[PDB]
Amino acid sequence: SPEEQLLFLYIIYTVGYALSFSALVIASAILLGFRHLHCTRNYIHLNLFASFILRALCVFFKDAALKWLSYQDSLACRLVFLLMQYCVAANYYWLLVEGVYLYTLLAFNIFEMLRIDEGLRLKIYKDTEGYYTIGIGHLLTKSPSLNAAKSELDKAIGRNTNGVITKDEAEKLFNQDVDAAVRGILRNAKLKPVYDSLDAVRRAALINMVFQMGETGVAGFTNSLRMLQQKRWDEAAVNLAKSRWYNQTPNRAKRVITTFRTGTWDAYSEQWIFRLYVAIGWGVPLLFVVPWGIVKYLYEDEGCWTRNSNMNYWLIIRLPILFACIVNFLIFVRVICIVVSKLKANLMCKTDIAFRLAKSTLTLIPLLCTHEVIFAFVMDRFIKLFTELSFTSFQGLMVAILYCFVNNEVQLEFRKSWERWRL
């Protein structure tokens, strides 16, 4: 039956957007409700969720206006259609920043953490404590003798120093120092169990402490190390604030303690970057959506602009999205090369956030951009292609699943809350 086919596809479409709307509101409520989920990653998720929620609101509004001049001739319809077009471009560009954030998350590590904290020195300098230092936090000897310090650096670099050391030599010594730090931790009886239980991010935090203080130094934090091994992060944060380390160097200590408490790099992020993300996800759609609306209002205005087959006006809305998908696939490829690298070199386990986040984002990219690339310049089997509506309806539900409901951290929050109710 012809009419029966159209009706049944209508049902699956509307229940797709119903399940998606409900799931996205529930998932955003989870991300906002639990305080431990308040990190930049989940904020980016919340903006993506909002774009999908608004898309669903447009769908329900268009459907609800069918009940009670026809609706195709009104201007309210053209406004709802323009808002929906905006939401679609927002989906694709917040997916773009999702991918960009993932890439930079894979590019940050202990080496960059320490290059921020310790600084770079070109010449020998006598630090406040009496130690001569150079490079990236490379302390030589407390011996108050510039002559002997330059010699001690000469044997530890290979060539004659004279005082000035190039950037390459400093990076070489920096790798040496970081490897010594990890070998120290694994050769310590009070630090190996906790380091082996920590995730890569909190591992880098522990290494940071060892790079500043020392192997036997941080082993003195008996009280904090025990509760770090017990997954009780917040207790250990407040405990680490009551330290000599926190009062001597507070700005570095707060960054490291944040990394322990949350397991993220948020304490090393620049805050204008997130504003550039919001200027991409919400701002750039505004930059090609509204001229399309202007030209469709002045030069192609017939039935809420549904007859979009005349001129270049279809391209000014489809070339930007193609752009956002092209880059999204290039990111898609590059990320893969990185992840399989870091997994093979045992720099990363499949239990870390970078891998799980790639496990979701690498799914969504070819799930949302492959249609746009395949039919790139095609303007316009009927039942079989009407199955695009089912997937575009269930898109937001899948976003809520892959970015909330199967996330391990939120499942932790639910079990922790039930445990609080029992005890």
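So that there is no doubt, residue numbering starts at 1 and follows the sequence shown.
Practice problem: Between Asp380 and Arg381, determine how many residues of the deposited chain lack coordinates; answer none if the chain runs continuously, otherwise 1 to 3, 4 to 9, or 10 or more. | Solution: 4 to 9 residues lack coordinates between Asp380 and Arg381.
Self-check item: 48-56 versus 384-392 - which carries the larger mean C-alpha B factor in the record
Solution: Between 384-392 and 48-56, it is 384-392 that shows the higher mean C-alpha B-factor.
Quiz item: So which stretch wins on mean C-alpha B-factor, 29-37 or 366-374?
Solution: Stretch with the greater average CA B-factor: 29-37.
Quiz item: Whose C-alpha has the highest temperature factor in the PDB entry: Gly220, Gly99, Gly137, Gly281?
Solution: The listed residue with the largest C-alpha B-factor is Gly220.
Practice problem: Could you say which of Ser341, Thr264, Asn91, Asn162 has its CA atom at the highest B factor, as listed in the PDB entry? | Solution: That would be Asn162, according to the entry.
Exercise. Determine, from the deposited record, the chain-internal third of the Cα B-factor for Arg255: lowest, middle or highest.
Key: It belongs to the lowest third of the chain when residues are ordered by C-alpha B-factor.
Quiz item: Going by the entry, which third of its chain does the Cα temperature factor of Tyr71 land in?
Solution: Ranked within chain, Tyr71 CA B lands in the highest tercile.
Quiz item: In terms of the chain's CA B-factor thirds, is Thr104 lowest, middle or highest?
Solution: Tercile = middle for this residue's CA B-factor.
Self-check item: Relative C-alpha B-factor of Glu302, binned into the chain's lowest, middle or highest third
Solution: Ranked within chain, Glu302 CA B lands in the highest tercile.
Exercise. Please place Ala65 in the lowest, middle or highest third of its chain by C-alpha B factor as given in the entry.
Key: For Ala65, whose C-alpha B-factor we compare with every modelled residue in the chain, the answer is the highest third.
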